[PDB]
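Below is one structure, written out as structure tokens; the observations come after it.
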Amino acid sequence: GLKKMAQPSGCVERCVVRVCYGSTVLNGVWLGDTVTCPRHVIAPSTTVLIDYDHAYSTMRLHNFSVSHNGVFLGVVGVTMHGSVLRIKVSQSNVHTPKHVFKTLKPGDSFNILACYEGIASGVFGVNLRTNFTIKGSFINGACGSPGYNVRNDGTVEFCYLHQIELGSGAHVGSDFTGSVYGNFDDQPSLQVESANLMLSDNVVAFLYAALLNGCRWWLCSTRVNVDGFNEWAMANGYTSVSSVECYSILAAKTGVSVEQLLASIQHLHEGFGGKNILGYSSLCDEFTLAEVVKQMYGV
Amino acid sequence: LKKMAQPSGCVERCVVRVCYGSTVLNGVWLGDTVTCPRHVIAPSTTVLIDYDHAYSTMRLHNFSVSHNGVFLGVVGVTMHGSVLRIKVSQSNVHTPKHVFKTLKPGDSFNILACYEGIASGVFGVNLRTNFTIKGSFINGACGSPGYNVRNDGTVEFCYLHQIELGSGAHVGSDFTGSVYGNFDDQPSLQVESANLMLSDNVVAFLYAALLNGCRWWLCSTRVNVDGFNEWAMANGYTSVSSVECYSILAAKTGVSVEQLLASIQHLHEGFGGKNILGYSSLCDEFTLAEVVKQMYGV
Ligand SMILES: CC(C)(C)c1ccc(N(C(=O)c2c[nH]cn2)[C@@H](C(=O)NC2CCCCC2)c2cccnc2)cc1
Ligand SMILES: CC(C)(C)c1ccc(N(C(=O)c2c[nH]cn2)[C@@H](C(=O)NC2CCCCC2)c2cccnc2)cc1
């Protein structure tokens, strides 16, 4: 069946550093001569709302300690951009991979390298949900852990920097420009996220994977078009489906149109009746179209 | 809880592409030795493979071995069980501090899934009681390594991918050439035994549930280890190995292992429409160590 996996982490591990300001420690990402980290590393050890403009104005460069594998880098300057700091260091990372910065959209899959004290401990795949949170596995100190994707040509897309955990347990991050996904605050406030929607594009991909693994009991004989599904979706907690043309690869290899799968989703939403689909007892929005194509065909 | 893998960078630097004639798979380069599945020298044939004949007629110049497109000189080859040890003309300067370790059912480990000597994915898996794993491998994944990283940084190399069974289950060897479950590296049928639920992992899962405030399912009944183990063998579960390793979580929750053994018996047939941490049936994916590491970092 399908397994969530991560892309290999080697090229990203060499960019992880330990960033300390005063007593506070978290992780940063060292690319060229710049270390990016969450700005809340300079927050005071009080429990009130943080005034970041005052925190930044009173910042002292000598209070920073930035290190990679216990080797200390010299801090040259620091600027604040949204919810991140860009710490200029006197040494460029000789292991900087070919890379770009990319802002995720809901439904995008990516990889997390979970880090503590500047040392990677785990790697896993995740999906950005419609409420702009992820379900990671993080403990205290994971802030600044990077999320990434690796393109076919080897370019690393840096797309997520871990920021905070919500009361629900959901995880919030920024991109490398400092924009927080979902515009949550890097504050000790109570923040309740919107409810997540089922990612209809992923459920379609999952059903195509089921057809390709011989699992076909659930297949509706009839069809519903995109307009009818999207009307149903917004009344039943699903996203609108993108476009039928995106699935041309899987539609061609199975001979099943997206509209047949949309009809099947409407049936299966009410329940499976004790049966399962690839080990799942309800519809699965964990896997993207591209993940299904890669895991089935290597493309 | 999230199944995750330990970082792969130090193992990526050991993956090589191994080719014999037209056949390509992966190998693992440590020091001046590349280990790979011996079936790379199998003839293009539909018949059972005579490996002693294939080995005695092997010629070194039919091998090509490369790391990230850089080809290595091949100096000699020996056969050990279901693996070859290819001596190459230089040592891997990025060989990590490492040992070889043979897995036992119930051990978690990491797989670096590789094709043509290039890693494409990394994930955690459990060695099941039928000595197979549920990977996501497609053709060409043979030679993909399995590993664990010790706290001191030592890499344990524990799995080399060998074959896929008709069921889709995956079979590998250790680095001494012993195939887990003693499956054969042959085109024959081969059916693995029925998989058993890993009771040690299910107990850990139920403690994680308790620690997350999910306790609708908790039994006040107690079943002792001996009684549980007798029930387990008749109900598709492994024995529970021991109780004392759970004592930290038992103290935090106030719930004994024997209560969770009773709860497994209560929940074994299903949850009746409810869920535990989002699962609709008992989960044996997570070890005690994983639950303790992911919730407390220890
Ligand atoms: C300063 C500020 C913005 C209030 C803050 C304080 C602590 C952290 N958290 C650090 O772990 C951490 C480590 N170094 C610095 N912060 C944890 C975190 O989000 N707690 C609280 C944040 C707001 C109130 C509810 C929970 C954390 C992050 C990821 C996974 N699990 C725990 C994040 C932001
Ligand atoms: C020579 C021998 C022993 C018969 C053989 C042939 C092919 C392979 N398989 C290679 O993909 C592959 C790539 N390079 C060399 N073999 C695949 C594999 O197991 N097929 C068969 C093996 C026995 C008969 C039924 C299935 C494979 C697919 C997906 C994940 N894992 C392995 C393994 C062993």
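Chain labels run A, B, ... following the order of the structure tokens; each chain numbers its residues from 1, and ligands are numbered from 1 in the order shown.
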Show me which bits of chain B are within 6 Å of chain A, counting only C-alpha atoms, as a PDB file with N, CA, C and O atoms, in the first residue's frame.
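Contents of selection.pdb, freshly written:
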```pdb
ATOM      1  N   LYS B   2       3.910  10.044  15.891  1.00  0.00           N
ATOM      2  CA  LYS B   2       4.226  10.078  14.467  1.00  0.00           C
ATOM      3  C   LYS B   2       5.391   9.134  14.210  1.00  0.00           C
ATOM      4  O   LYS B   2       6.444   9.263  14.841  1.00  0.00           O
ATOM      5  N   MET B   4       8.571   8.203  12.609  1.00  0.00           N
ATOM      6  CA  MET B   4       9.578   9.001  11.936  1.00  0.00           C
ATOM      7  C   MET B   4      10.845   8.182  11.805  1.00  0.00           C
ATOM      8  O   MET B   4      10.983   7.101  12.382  1.00  0.00           O
ATOM      9  N   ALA B   5      11.751   8.690  10.993  1.00  0.00           N
ATOM     10  CA  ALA B   5      13.027   8.036  10.762  1.00  0.00           C
ATOM     11  C   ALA B   5      14.144   8.846  11.397  1.00  0.00           C
ATOM     12  O   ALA B   5      14.041  10.067  11.549  1.00  0.00           O
ATOM     13  N   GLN B   6      15.219   8.163  11.780  1.00  0.00           N
ATOM     14  CA  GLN B   6      16.412   8.867  12.193  1.00  0.00           C
ATOM     15  C   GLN B   6      17.095   9.460  10.964  1.00  0.00           C
ATOM     16  O   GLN B   6      16.967   8.922   9.858  1.00  0.00           O
ATOM     17  N   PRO B   7      17.790  10.582  11.119  1.00  0.00           N
ATOM     18  CA  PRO B   7      18.340  11.272   9.950  1.00  0.00           C
ATOM     19  C   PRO B   7      19.248  10.351   9.147  1.00  0.00           C
ATOM     20  O   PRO B   7      19.918   9.472   9.694  1.00  0.00           O
ATOM     21  N   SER B   8      19.238  10.544   7.824  1.00  0.00           N
ATOM     22  CA  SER B   8      19.820   9.573   6.901  1.00  0.00           C
ATOM     23  C   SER B   8      21.182   9.973   6.348  1.00  0.00           C
ATOM     24  O   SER B   8      21.789   9.169   5.637  1.00  0.00           O
ATOM     25  N   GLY B   9      21.668  11.175   6.638  1.00  0.00           N
ATOM     26  CA  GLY B   9      22.835  11.691   5.931  1.00  0.00           C
ATOM     27  C   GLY B   9      24.048  10.782   5.991  1.00  0.00           C
ATOM     28  O   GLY B   9      24.722  10.564   4.978  1.00  0.00           O
ATOM     29  N   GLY B 121      13.974   7.965  -0.426  1.00  0.00           N
ATOM     30  CA  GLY B 121      13.083   8.152   0.706  1.00  0.00           C
ATOM     31  C   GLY B 121      13.613   7.487   1.953  1.00  0.00           C
ATOM     32  O   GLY B 121      14.450   6.585   1.888  1.00  0.00           O
ATOM     33  N   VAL B 122      13.118   7.942   3.105  1.00  0.00           N
ATOM     34  CA  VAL B 122      13.522   7.350   4.374  1.00  0.00           C
ATOM     35  C   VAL B 122      12.301   7.239   5.284  1.00  0.00           C
ATOM     36  O   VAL B 122      11.471   8.154   5.354  1.00  0.00           O
ATOM     37  N   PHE B 123      12.172   6.095   5.956  1.00  0.00           N
ATOM     38  CA  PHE B 123      11.020   5.875   6.818  1.00  0.00           C
ATOM     39  C   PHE B 123      11.362   4.843   7.882  1.00  0.00           C
ATOM     40  O   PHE B 123      12.274   4.028   7.725  1.00  0.00           O
TER      41      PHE B 123
END
```
DSSP alpha helix (DSSP H) residues within segment 14-203 of chain A, listed as a tab-separated table (two decimals) with N, CA, C and O atoms, in the first residue's frame:
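Generated file (out.tsv):
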```
chain	number	residue	atom	x	y	z
A	52	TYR	N	7.90	42.90	20.28
A	52	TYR	CA	9.09	42.51	19.52
A	52	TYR	C	9.88	43.71	19.05
A	52	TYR	O	11.11	43.63	18.93
A	53	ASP	N	9.21	44.84	18.77
A	53	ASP	CA	9.95	46.03	18.35
A	53	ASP	C	10.85	46.53	19.47
A	53	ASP	O	12.00	46.92	19.23
A	54	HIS	N	10.36	46.49	20.71
A	54	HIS	CA	11.21	46.82	21.85
A	54	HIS	C	12.26	45.75	22.10
A	54	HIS	O	13.42	46.06	22.39
A	55	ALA	N	11.88	44.47	21.99
A	55	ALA	CA	12.86	43.41	22.15
A	55	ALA	C	13.99	43.56	21.14
A	55	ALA	O	15.16	43.36	21.47
A	56	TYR	N	13.64	43.92	19.90
A	56	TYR	CA	14.66	44.03	18.86
A	56	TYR	C	15.51	45.27	19.06
A	56	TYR	O	16.73	45.24	18.85
A	57	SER	N	14.89	46.38	19.48
A	57	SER	CA	15.64	47.61	19.69
A	57	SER	C	16.65	47.48	20.82
A	57	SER	O	17.71	48.10	20.77
A	200	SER	N	-9.64	17.15	-0.62
A	200	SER	CA	-10.30	16.31	-1.61
A	200	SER	C	-9.33	15.80	-2.66
A	200	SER	O	-9.46	14.66	-3.13
A	201	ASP	N	-8.36	16.63	-3.04
A	201	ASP	CA	-7.36	16.20	-4.02
A	201	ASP	C	-6.60	14.96	-3.55
A	201	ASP	O	-6.29	14.06	-4.34
A	202	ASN	N	-6.28	14.91	-2.26
A	202	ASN	CA	-5.57	13.76	-1.72
A	202	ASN	C	-6.47	12.55	-1.61
A	202	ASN	O	-6.01	11.42	-1.82
A	203	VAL	N	-7.75	12.75	-1.29
A	203	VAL	CA	-8.65	11.61	-1.22
A	203	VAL	C	-8.81	10.99	-2.60
A	203	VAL	O	-8.87	9.76	-2.73
```
Which chains and residue numbers are within 10 Å of ligand 1, counting only C-alpha atoms and all ligand atoms, if I want them as a PyMOL selection string?
(chain A and resi 19-20+23-27+38-50+83+114+116-117+136-145+162-173+185-191) or (chain B and resi 295)
Please identify the strand (DSSP E or B) residues within segment 26-155 of chain A (assignment by DSSP from backbone atoms) and present them as a compact mmCIF listing (two decimals) with C-alpha atoms, in the first residue's frame.
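Output file out-v9.txt follows:
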```txt
# COMPACT_ATOMS: atom_id res chain seq x y z
CA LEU A 26 16.50 26.83 19.71
CA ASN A 27 17.53 25.90 16.17
CA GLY A 28 18.52 27.93 13.15
CA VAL A 29 19.18 27.25 9.47
CA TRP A 30 22.60 28.29 8.12
CA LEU A 31 22.73 29.05 4.37
CA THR A 34 22.95 33.84 7.09
CA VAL A 35 21.32 31.95 9.95
CA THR A 36 17.52 32.14 9.97
CA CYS A 37 15.73 31.38 13.24
CA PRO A 38 12.44 32.25 14.98
CA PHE A 64 23.93 35.56 20.74
CA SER A 65 25.74 32.23 20.58
CA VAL A 66 25.52 30.44 17.21
CA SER A 67 27.25 27.09 16.77
CA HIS A 68 27.43 24.13 14.40
CA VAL A 71 32.04 25.14 16.62
CA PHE A 72 31.09 28.74 17.29
CA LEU A 73 30.35 31.18 14.47
CA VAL A 75 27.72 36.97 14.85
CA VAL A 76 28.10 40.08 12.68
CA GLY A 77 24.59 41.54 12.59
CA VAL A 78 20.91 40.72 12.97
CA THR A 79 17.76 41.92 11.21
CA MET A 80 14.11 41.03 11.88
CA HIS A 81 11.73 40.03 9.07
CA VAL A 84 12.20 35.43 11.83
CA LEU A 85 15.64 36.83 12.50
CA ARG A 86 18.37 36.81 9.88
CA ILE A 87 21.64 36.51 11.77
CA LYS A 88 24.64 37.39 9.62
CA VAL A 89 27.69 35.34 10.59
CA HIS A 99 18.36 25.94 -2.79
CA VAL A 100 15.43 28.33 -3.09
CA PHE A 101 12.73 29.54 -0.73
CA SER A 109 3.34 17.86 1.27
CA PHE A 110 6.81 18.51 2.65
CA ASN A 111 9.46 17.07 4.94
CA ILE A 112 10.35 18.09 8.50
CA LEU A 113 13.79 17.63 9.99
CA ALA A 114 13.01 17.68 13.73
CA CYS A 115 15.94 19.27 15.57
CA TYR A 116 16.93 19.98 19.17
CA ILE A 119 21.12 18.53 16.17
CA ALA A 120 18.70 16.59 13.98
CA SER A 121 16.81 13.79 15.69
CA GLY A 122 14.10 12.74 13.24
CA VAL A 123 12.71 13.20 9.74
CA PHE A 124 9.13 12.77 8.57
CA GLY A 125 6.69 13.77 5.87
CA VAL A 126 3.72 16.04 6.62
CA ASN A 127 0.96 17.91 4.79
CA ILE A 134 0.70 20.60 10.60
CA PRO A 146 13.23 23.25 8.98
CA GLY A 147 10.70 21.95 6.51
CA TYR A 148 11.90 21.27 2.99
CA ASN A 149 11.30 19.61 -0.36
CA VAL A 150 13.93 18.36 -2.79
```
Which residue, B:147, B:284, B:31, B:296, has the smallest gap to residue 211 of chain B when you use only C-alpha atoms?
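For residue 211 of chain B, the nearest of the candidates is B:296.
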Check which residues fall inside 10 Å of ligand 2 when counting only C-alpha atoms and all ligand atoms, and print them as a PyMOL selection string.
chain B and resi 18-19+22-26+37-49+82+113+115-116+135-144+161-172+184-190
What gap, in Å, lies between atom CA of residue 218 of chain A and atom CA of residue 289 of chain A?
19.4 Å
Between atom CA of residue 152 of chain A and atom CA of residue 299 of chain A, what is the distance, to one decimal in Å?
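Rounded to one decimal, the two atoms are 9.7 Å apart.
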Set the distance at 8 Å and use only C-alpha atoms: which residues neighbour residue 229 of chain B once local chain neighbours fewer than 3 positions away are removed? I'd like the list as a ChimeraX atom specification.
/B:225-226,232-233,238-240
Could the residues in this selection be saved with N, CA, C and O atoms as a short mmCIF file (atom, residue, chain, number, x, y, z; two decimals), in the first residue's frame?
```cif
data_model
loop_
_atom_site.label_atom_id
_atom_site.label_comp_id
_atom_site.auth_asym_id
_atom_site.auth_seq_id
_atom_site.Cartn_x
_atom_site.Cartn_y
_atom_site.Cartn_z
N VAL B 225 0.52 -11.56 33.17
CA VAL B 225 1.29 -11.84 31.95
C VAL B 225 1.05 -13.26 31.46
O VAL B 225 0.83 -13.49 30.26
N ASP B 226 1.10 -14.24 32.36
CA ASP B 226 0.95 -15.63 31.93
C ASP B 226 -0.40 -15.85 31.26
O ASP B 226 -0.48 -16.46 30.19
N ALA B 232 -3.11 -14.54 24.04
CA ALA B 232 -2.54 -13.93 22.84
C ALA B 232 -2.29 -14.95 21.74
O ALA B 232 -2.57 -14.69 20.57
N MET B 233 -1.76 -16.12 22.09
CA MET B 233 -1.43 -17.09 21.06
C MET B 233 -2.66 -17.62 20.34
O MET B 233 -2.56 -18.06 19.19
N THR B 238 1.31 -11.35 19.92
CA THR B 238 2.50 -11.90 20.55
C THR B 238 2.34 -11.93 22.06
O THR B 238 1.47 -11.27 22.63
N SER B 239 3.21 -12.70 22.71
CA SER B 239 3.35 -12.53 24.15
C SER B 239 3.78 -11.11 24.46
O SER B 239 4.36 -10.40 23.64
N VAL B 240 3.47 -10.67 25.67
CA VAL B 240 4.05 -9.43 26.17
C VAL B 240 5.37 -9.78 26.85
O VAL B 240 5.45 -10.75 27.61
#
```
